[PDB]
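K.L.:
so I've got this experimental structure, pasted below with the sequence.
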Amino acid sequence: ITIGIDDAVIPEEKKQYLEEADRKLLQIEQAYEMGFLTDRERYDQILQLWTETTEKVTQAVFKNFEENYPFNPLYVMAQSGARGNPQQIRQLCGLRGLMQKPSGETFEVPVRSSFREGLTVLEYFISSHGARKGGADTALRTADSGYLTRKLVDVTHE
Amino acid sequence: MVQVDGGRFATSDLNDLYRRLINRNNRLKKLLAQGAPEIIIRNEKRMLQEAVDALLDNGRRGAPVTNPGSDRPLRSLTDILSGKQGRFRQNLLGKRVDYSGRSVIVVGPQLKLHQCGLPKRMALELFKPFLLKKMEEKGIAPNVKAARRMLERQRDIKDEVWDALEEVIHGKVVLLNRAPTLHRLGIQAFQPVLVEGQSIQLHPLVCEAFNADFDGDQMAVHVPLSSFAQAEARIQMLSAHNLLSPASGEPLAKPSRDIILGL
Amino acid sequence: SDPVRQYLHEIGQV
Amino acid sequence: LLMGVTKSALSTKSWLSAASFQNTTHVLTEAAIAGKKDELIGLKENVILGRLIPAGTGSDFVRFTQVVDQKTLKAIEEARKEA
Amino acid sequence: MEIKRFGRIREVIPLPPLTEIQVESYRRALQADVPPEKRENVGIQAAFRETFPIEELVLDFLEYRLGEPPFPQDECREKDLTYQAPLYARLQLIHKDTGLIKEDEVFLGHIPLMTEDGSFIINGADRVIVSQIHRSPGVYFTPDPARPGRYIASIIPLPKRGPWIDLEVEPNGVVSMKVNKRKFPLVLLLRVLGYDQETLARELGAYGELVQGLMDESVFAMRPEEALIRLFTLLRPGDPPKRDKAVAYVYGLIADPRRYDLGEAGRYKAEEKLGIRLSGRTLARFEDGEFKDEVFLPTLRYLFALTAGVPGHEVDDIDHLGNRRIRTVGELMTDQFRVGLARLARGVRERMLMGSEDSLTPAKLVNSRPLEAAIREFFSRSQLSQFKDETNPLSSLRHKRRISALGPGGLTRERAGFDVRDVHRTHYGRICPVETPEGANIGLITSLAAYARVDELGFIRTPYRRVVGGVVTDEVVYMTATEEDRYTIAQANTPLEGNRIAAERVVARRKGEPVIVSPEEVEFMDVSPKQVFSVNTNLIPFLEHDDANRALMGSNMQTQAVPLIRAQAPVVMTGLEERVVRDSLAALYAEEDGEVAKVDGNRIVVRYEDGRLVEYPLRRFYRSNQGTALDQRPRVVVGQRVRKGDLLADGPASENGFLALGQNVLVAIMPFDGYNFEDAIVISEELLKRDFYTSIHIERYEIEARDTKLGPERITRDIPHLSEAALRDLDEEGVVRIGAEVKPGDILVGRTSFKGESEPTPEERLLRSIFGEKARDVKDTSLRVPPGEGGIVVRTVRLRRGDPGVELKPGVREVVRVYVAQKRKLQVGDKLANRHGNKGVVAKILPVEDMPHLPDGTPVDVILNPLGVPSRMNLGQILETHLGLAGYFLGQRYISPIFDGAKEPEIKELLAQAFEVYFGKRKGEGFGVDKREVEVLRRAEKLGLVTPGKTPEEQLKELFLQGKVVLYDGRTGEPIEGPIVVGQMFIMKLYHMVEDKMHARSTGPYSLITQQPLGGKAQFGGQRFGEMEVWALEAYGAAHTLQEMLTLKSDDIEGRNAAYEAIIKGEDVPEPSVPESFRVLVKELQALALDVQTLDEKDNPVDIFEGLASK
Amino acid sequence: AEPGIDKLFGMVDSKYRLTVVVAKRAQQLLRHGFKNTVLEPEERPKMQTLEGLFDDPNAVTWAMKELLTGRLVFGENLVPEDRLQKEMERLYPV
Amino acid sequence: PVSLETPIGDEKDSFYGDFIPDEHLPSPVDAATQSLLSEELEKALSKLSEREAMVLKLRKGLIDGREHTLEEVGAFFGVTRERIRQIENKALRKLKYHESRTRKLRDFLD
Amino acid sequence: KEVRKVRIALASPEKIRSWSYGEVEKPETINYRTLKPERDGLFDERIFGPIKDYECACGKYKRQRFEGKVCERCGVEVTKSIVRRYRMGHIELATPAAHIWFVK
Amino acid sequence: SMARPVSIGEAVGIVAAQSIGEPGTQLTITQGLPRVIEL
DNA sequence: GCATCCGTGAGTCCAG
DNA sequence: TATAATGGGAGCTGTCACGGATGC
Ligand SMILES: [Mg+2]
Ligand SMILES: [Zn+2]
């Protein structure tokens, strides 16, 4: 068992799904500029399209693995439960996916790259928002967890 | 009121609070004896009440009394009893303890589930009194005092004291703990195996219950002393005697990581 | 609430 | 009456436990007024006192159990049979 | 060796001086190189000009000057002195009535000086003043959290200069002002300022419903004097409304520039937000006897216009980096200087009343102790003044560029929510989104971007190239965030042919929003990707292939690398490793062209073009703050021709001017018998054999012999009851000789202390009688070596009393410092890491023969477990390994820039060039393929790695181009059943080593009040058995072990004494007793007048004090 | 896992009672110098030194083995405490 | 004097007084040493006769904490002061011979 | 006897005085030259106890043969120094003061 | 932990509190640990 | 009955 | 031990969310 960069297998369905998503995004933009749907509905449709596309490329990664590379190290580690879960493998092989602003509002533009391909500096900076938000969330959550544990210990100790 | 190493003096804030109280009380007694007007006596009694308040619970009412040239409030009795640093939480429900150690942990694949790797020198200091008694039983030292004076210098340590220490720890177990201790499996008892080097060796299967890994974690060691403490550790707290989680019931020590991968 | 202010007020009454 | 964990912990009958949890001055003032006696029922009470907790090997159920070998057992049996 | 660099991005400008945020700040603050008449009103000059004249006799400030340092830096570090310069101030005392002038230059004490690298030396310890981010002063408008259609106007001055003012429209309609927690109608303050109902009705009348709420008839009925008295009664109840007192208070609150200071930045921001011009840095003025408004009416007008919905009025993002500014060393030091100066001025005003009102000089009036105390406080005990992190040069260089949101005048940890810790869209190019502490301080401590620099107003600026039409100029414009929000800024990697944009659609940012835009819409362009990240983050190759959470650790751990004796620069560099060695002064360079005259281990002598012969002394084996050795090795030879800026000596952790934080080792990525289970690491004993990861560490020990009321402490070789073997390595005076090895227990400095008066126990009387030897008057107090420490004595320093040049603190006869150095080899428990966040402890050091090895016999060095890669999503290390394999066989290093680097096809090309060397050498040597290589090729084409049917060589090349090789198990000889990634990786030995952290205690020191053991390894303390460990013991049901923790193993005196004696006698441990800390609790409750009674089952009192406290 | 720990848990209605029994018996063995033991010379727990097999110094090991044999009688109110102590000090002096 | 509660560090978790050991109360090692010293002294004193060991216990104050003069110990045992000084000398001499033979009390000389 | 309960109650001034071994009349701590506790101050050996075991202040009684004896010259009882962790003093207020806990 | 009837004297409340608290740091469209504390 | 103020909490161990 | 002197001075701000008293 080893890991080389070639073990992050980009599936051939990715370019197809991405081109389909671009044509759908253009269809939604054309439906917006004609005043049929509002800015809110357009934003929601774009997010939903990219979410379903992300799930599609996940399934494509794992299907290409199962059928054409059943002993691929990433696939083996994920399936056996040794290490890894589908979303991490997706970020390695499929697309990174949607990111969110510091406000929590999700960006319209997803990160189309994978860690095998490499991100753009702009994609990286967009990712940093969520990474920092999660770090601060954890750092503030451990205190509430510990406090709660001590409350429970003091109420149940006898 | 104590003298530190450098001959300087260190004192408690209660002394300054008591001094304030005694000064204002004596001055009130003198002001009453001299029959001072009511405004002066009133101010003095108000300051006396303020001083009693600052002694019992400083900062509770009004501004906290501080030492000269400092913004740090003085530490009253209430501040002593209450709080995370208070007497209860810091010295009563938890204590620093003797016969304990701490070191960096390392994977111990060769260990059995009931074992852990314990550095020699850690065990030498942790079991030091048992080792002195055993060095007295064997001919290594005339008495306890000579044995301790022999262990005091590292170059005076010969190779029979190590075999004596092996005889000492036989059958006994030590407690390994890793902070934070979230559930009762953050402390577990292991039979120690003396190892060269300065690292604690931890069995892989118990890494999950400790949430331990080898990115630089450290663990604390404790030595149960009495035969009662040893019985409790060996029967109840032994790592191989707790295989299931008390929270769910599912196995806690289970094949994982590299193990699952190979199988 | 402020002992100095209160004592100054007591003083200013004479 | 339903109350959350904090208020229920502060309401416990043992004032040593309650004072060692939170609001130490409030607990201690009401307890000192009431003349409260702590019966040392739970764990925190006995841990503060440095006593042997009433659980596990300290439980009154298992605490007084004795061990004796059949040789000494029968020896004392015959010693008490002759009195 | 060949260094092949990648990337097509051309940086039009180099990185700024990396320590300039410290250097230029302090330089502008002190103005010591400016002749006093040409000094601007800033820094120390501004502090003096603000404090003076002292009006009450009138004492006035003319000028100041700074002298030369009484001692050089090395002397300061040696003697525990502060590197500082004497500050003199020329003041003239003028009697306004007499006309008499008495003018004098008074000495105000010493001001600490910044060294070349941007640090300070305080009491011999190197320290760094960390910049502090905070809200910029000014006028902000934020949505009222209660009422959605209403807003709050905040007027915020500089910290510790005046109060915050809150303007709010209450539900009842009247406008309210909040100052010092007190609220009142703003109409009253407007009436004090001279406004009348006419001026307000015309100025604000455009907005109908609000001005009617503003109107208060009784306020306009009374003239400004009555409104002033009324406002003084509203603000200060109980204080008699004396009109002079009211003018004084309102002036000192709003209009006094001495008590109320908006920033110069705050002034500019108010002028820019409200569209007005400020005559000064105050909210109003006292002119011609009355009050004249400056700020209030424009802010009220903006508030009303924002409430009505008038276009052009916006709420303010308070986390925008245009509303958040940095206070650097100069500003904070100037603040503390200003405080000390104001206290000195209070002392002066107090002196201008007492004594003789006629005979007074500026020397008699000024007391500098307040100023000396304030500066001493700021530098010694402040939170922003930190012990310098100089583990390696990068540690300090990054330390100086730290940005703290904490400290005095800033956030506490509970005051900081998500908004502060967040990465703002304006951190792009200014504050690094990666490098931040991991833990509770995340988002508070941050680091400065690479191309970023802080301007004179305190806002961080980033450079951008101007783009006119489709042509990208080479001129760079440094913008703040607010100015950046105006333009459309394309990305630095956008295609270019010449200076013209070569793409039909470019990626750009409008207010941080990413957008696809035509080259005609492009107003500016990024300088380089480097500008988005910090310096440490820029040292991570293939950073675009690493998840941010692991890149954070890579950055933060490069700070922790230990300088190694054979340290080398990585095979895959980013291009910043040379400039980092340059800007922090680790390495020594040539000032001008010339020829090398002399090369020693101790100095390098260069003869320049000028003909002058310059000698550079080399720092050799000097202990840093953290114990890592600082030492410069000469890299030139006698007679060598050098140019300007050429390297002369390599500093610590550098190789030929490149930053060398670790070593390049041959790594294989595979499981190995569980010895790399869960991030542990397996290493080859060959690493110890060739002294890789071996580092030098020096520890300083110190001892004082002082005067006692019982007699002198003497440092002597004569020590009671000690063998000659124990005193072997001590000289005549008692200090250890240089060069002698010391082990735990050995004596460094012998010392005798007179025993305290003690009546000998009758046992000692009979014992003394038996042996006939008298009891000595002194006692052994010698300084020994702590457990687990030791090494070679490399230096000793002795300082006596009465010898020239030295004076100790009162009572101290002599002080001896012993320096002990050690060569630490790598060992089990030491922590390694790479630049990608892969970190772990060494768990197994195997002999070379067990090590997995290449078919040609080459064993690998490190074995990393692949299971750490997929969860962590840091693939950059994989690419580093591939390129490192190629560079291992081609014998060359690389420069792969961040976000514009070596991409996969080029790495494949280099891998093929490498495979030719790897295999054609074998084929020419007369060797074919191995049988086991055929078996591995079989199992590999079963994996789909190689195409079936090709020759063995072609398939081995197909594997090599994937970075995988055939690997033989040294234990069996049988190969690993699959092809394995092997290549060269850069790995660093971090500062966390088992020798430092291992600790054990049986019994030892106890604390005074609680009688519990101490804590810390240095105090031989015990481990803390906290609340949660007690929970664990209770949940296990182990009552007796818990009772041991509570009583025998701590805090029970009788119990622990009896326990130790029982154990050394072989007896079982006794029943525990009452904990001493419970007795402390009982007595401390009695001190609170609460009676605590321990009762038995008959409710009868039980005495746990055993009759000692009962009469 | 301690030898036969499953059978040892089978013997008792509560594991903590087993712990108490083991600890009290180990104190008995330590006090009387192991010469009150119920083990036959071939059942004695051994320990490998550099010299050879010697008797296991660990009284807890001894106690658990003795418990496995079945020759020990445990329970509550089997004998007054002073009578037990004195009869054991008569059978096995110190 | 300086305050024992002087904060160490930028957190509120440590006080100066927490780094100051207690030098007054004897450590468990010291108490063990003193107890073993008393036990070895009584072991070596039982090698004498009860009368001469008693003269030594009265002379050096191991009984009652007071050191009795020769006239008092002689008036206690009925003998003359020179007789009690002589039996004290012979008891000390037998003790010195026992000590040179056994070497048990040397380690307590520190 | 074995402790089975713990009671907490208010303390009368009589109980406070029955705990007290003496009144602290002077704010002084220890002498600036001899470094010994000042009389009637916060560290007075006459109130709280002896600094060294079984030894009075001036050194007239230095062993356990006198225990419970109070030295006539210096006023110190000869007992174990540990009692300085136990024995309480008191202060007689000229005017009654409210215990802030029962007010605030 | 033993898949058998609990032994009399087991400190159940502490085990319960630890069992509830230990996964707390993992609780993350979802209300999560704030909801746990609300309850 | 509903605002508004005051007071009290806000994870563990290590190392400095 | 005697000219006359007669009301202070420093503040310090970016939580947050409960419980429980005290204000219309
Ligand atoms: Mg870890
Ligand atoms: Zn006396």
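P.N.:
Perfect, thanks for sending it. Numbering: from 1, shown residues only, chains lettered A, B, ... in the order given. Ligands and ions are numbered 1, 2, ... in the order given.
K.L.:
so what's whichever residue of the stretch 101-250 of chain B sits closest to chain D up against?
P.N.:
Closest contact between the stretch 101-250 of chain B and chain D, by Cβ to the nearest Cβ, is at residue B:232 (5.8 Å). C-betas here are computed from N, CA, C, even on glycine. By Cβ atoms under 8 Å, 6 or more residues apart in numbering or on different chains, the contact list for residue B:232 reads B:224, D:56, D:57, E:1036, E:1037, E:1038, E:1039, E:1040, E:1041, F:19, F:23.
K.L.:
for chain A, what's the longest helix?
P.N.:
helix A:121-156 (DSSP state H).
K.L.:
check the offset of that helix from the chain's centre.
P.N.:
Relative to its chain's centre, helix A:121-156 lies at 20 Å (Cα atoms, centre = their mean, to the nearest Å).
K.L.:
ok, back up a step: roughly how far apart are the residue of the stretch 101-250 of chain B closest to chain D and chain I?
P.N.:
In this view, residue B:232 and chain I are 12 Å apart by Cβ to the nearest Cβ, to the nearest Å.
K.L.:
ok, the spatially closest residue to that residue that is not a sequence neighbour to residue I:11 distance?
P.N.:
Nearest residue to residue B:232 in three dimensions, chain neighbours excluded: residue E:1038, at 3.8 Å (Cβ to Cβ, 6 or more residues apart in numbering or on different chains). In this view, residue E:1038 and residue I:11 are 10 Å apart by Cβ to Cβ, to the nearest Å.
K.L.:
now for the residue of chain D found nearest chain C, how many residues are close by?
P.N.:
Chain D approaches chain C most closely through residue D:25 (21.0 Å), counting by Cβ to the nearest Cβ. Applying other Cβ atoms under 10 Å in any protein chain shown, we find 18 residues neighbouring residue D:25.
K.L.:
host element of it?
P.N.:
Per DSSP states H and E: residue D:25 is located in helix D:24-34.
K.L.:
helices and strands around that helix, which ones?
P.N.:
If you count contacts as 3 or more Cβ pairs under 8 Å, 6 or more residues apart in numbering or on different chains; DSSP states H and E, helix D:24-34 packs onto helix B:77-81, helix D:15-21, strand E:1090-1095, strand H:5-10.
K.L.:
please settle this for me: is residue E:414 part of a strand?
P.N.:
No: under DSSP: H, G, I helix; E, B strand; the rest coil, residue E:414 falls outside any strand and is assigned coil.
K.L.:
what separation is there between the residue nearest to residue B:232 and ligand 1?
P.N.:
27 Å (Cβ to the ion, to the nearest Å).
K.L.:
that residue: how many residues sit nearby?
P.N.:
34.
K.L.:
might one say that residue E:337 is in contact with residue E:371?
P.N.:
Yes: between residue E:337 and residue E:371 there is a contact under Cβ atoms under 8 Å: 7.2 Å.
K.L.:
so the two - more neighbours on which side?
P.N.:
Neighbour comparison, residue E:337 and residue E:371: the larger count goes to residue E:371, with 28 against 24 (by other Cβ under 10 Å).
K.L.:
quick check: residue B:199 touching residue B:117?
P.N.:
Yes: using Cβ under 8 Å, residue B:199 is in contact with residue B:117, at 7.3 Å.
K.L.:
identify the contacts common to the two.
P.N.:
Contacts common to residue B:199 and residue B:117, judged by Cβ under 8 Å, 6+ apart, are residue B:106.
K.L.:
between these two, which one's more packed in?
P.N.:
residue B:199 (29 against 23).
K.L.:
ok, that one to chain I distance?
P.N.:
Taken as Cβ to the nearest Cβ, the span from residue B:199 to chain I is 27 Å.
K.L.:
contact partners for that residue?
P.N.:
Here residue B:199 is in contact with B:103, B:104, B:105, B:106, B:117, B:119, E:828, E:829, E:841, E:843, E:994, E:998 (criterion: Cβ under 8 Å, 6+ apart).
K.L.:
if we go to 6 Å?
P.N.:
Applying Cβ atoms under 6 Å, 6 or more residues apart in numbering or on different chains to residue B:199 gives the contacts B:104, B:106, E:828, E:829, E:994.
K.L.:
related to what we said a few turns ago, hmm, the longest helix of chain A touching DNA strand J?
P.N.:
Yes: judged by Cβ under 7 Å from any atom of the strand, helix A:121-156 and DNA strand J are in contact via A:139, A:142, A:143, A:145, A:146, A:147, A:150.
K.L.:
return the set of buried residues in that helix.
P.N.:
Under the neighbour-count criterion of 16 or more other Cβ atoms under 10 Å in any protein chain shown, helix A:121-156 has A:121-133, A:135-136, A:139, A:141, A:144-146, A:148-156 buried.
K.L.:
and for stretch E:317-335?
P.N.:
E:317, E:319-335.
K.L.:
equivalent analysis for stretch A:41-48, please.
P.N.:
A:42, A:43, A:45, A:46, A:47.
K.L.:
is it positioned near chain E?
P.N.:
No: Stretch A:41-48 stays out of contact with chain E when judged by Cβ under 6 Å from any Cβ of the partner chain, the minimum separation being 13.2 Å.
K.L.:
so who does the residue nearest to residue E:214 when sequence neighbours are not counted touch?
P.N.:
Once flanking residues are discounted, residue E:214 sits nearest to residue E:175: 5.4 Å by Cβ to Cβ, 6+ apart. Going by Cβ under 6 Å, 6+ apart, residue E:175 touches E:169, E:186, E:214.
K.L.:
quick one: the strands in the stretch 101-250 of chain B?
P.N.:
B:115-119, B:174-177, B:187-195, B:200-202, B:218-222 (DSSP state E, counting those that start in this stretch).
K.L.:
for residue F:86, which of those is the nearest?
P.N.:
strand B:187-195 (35.4 Å; Cβ to Cβ).
K.L.:
is chain E contacted by that closest one?
P.N.:
Yes: Strand B:187-195 lies within reach of chain E by Cβ under 6 Å from any Cβ, at residue B:187.
K.L.:
which other helices and strands does that strand contact?
P.N.:
Packing partners of strand B:187-195 (3 or more Cβ pairs under 6 Å, 6 or more residues apart in numbering or on different chains; DSSP states H and E): strand B:115-119, strand B:174-177.
K.L.:
of the ones you listed, which is nearest residue E:76?
P.N.:
strand B:115-119 (41.0 Å).
K.L.:
list the buried ones in stretch G:31-39?
P.N.:
Result for stretch G:31-39 [16+ other Cβ under 10 Å]: buried residues G:31, G:32, G:33, G:34, G:36, G:37.
K.L.:
repeat for stretch A:19-28
P.N.:
A:21, A:24, A:25, A:28.
K.L.:
overlap between these and the residues near chain I?
P.N.:
Okay, of the buried residues of stretch A:19-28, nothing touches chain I (Cβ under 6 Å from any Cβ).
K.L.:
what helix or strand is residue 40 on?
P.N.:
Because you didn't say which chain, this covers chain A. Counting by DSSP H and E, residue A:40 is found in helix A:39-68.
K.L.:
I was thinking of chain B, sorry if that wasn't clear
P.N.:
helix B:38-56.
K.L.:
same thing with residue E:534?
P.N.:
With DSSP H and E as the test, residue E:534 turns up in no helix or strand.
K.L.:
let me know whether it touches residue E:433 as I believe.
P.N.:
No: the pair residue E:534 / residue E:433 is not scored as a contact, 9.1 Å apart, by Cβ atoms under 6 Å.
K.L.:
picking that back up, sitting in helices, which of the contacts of residue B:232 do you find?
P.N.:
Reading helices off those with DSSP H, I get E:1036, E:1039, E:1040, E:1041, F:19, F:23.
K.L.:
how close does the second one sit to residue D:50?
P.N.:
Taking Cβ to Cβ as the criterion, residue E:1039 is separated from residue D:50 by 12 Å.
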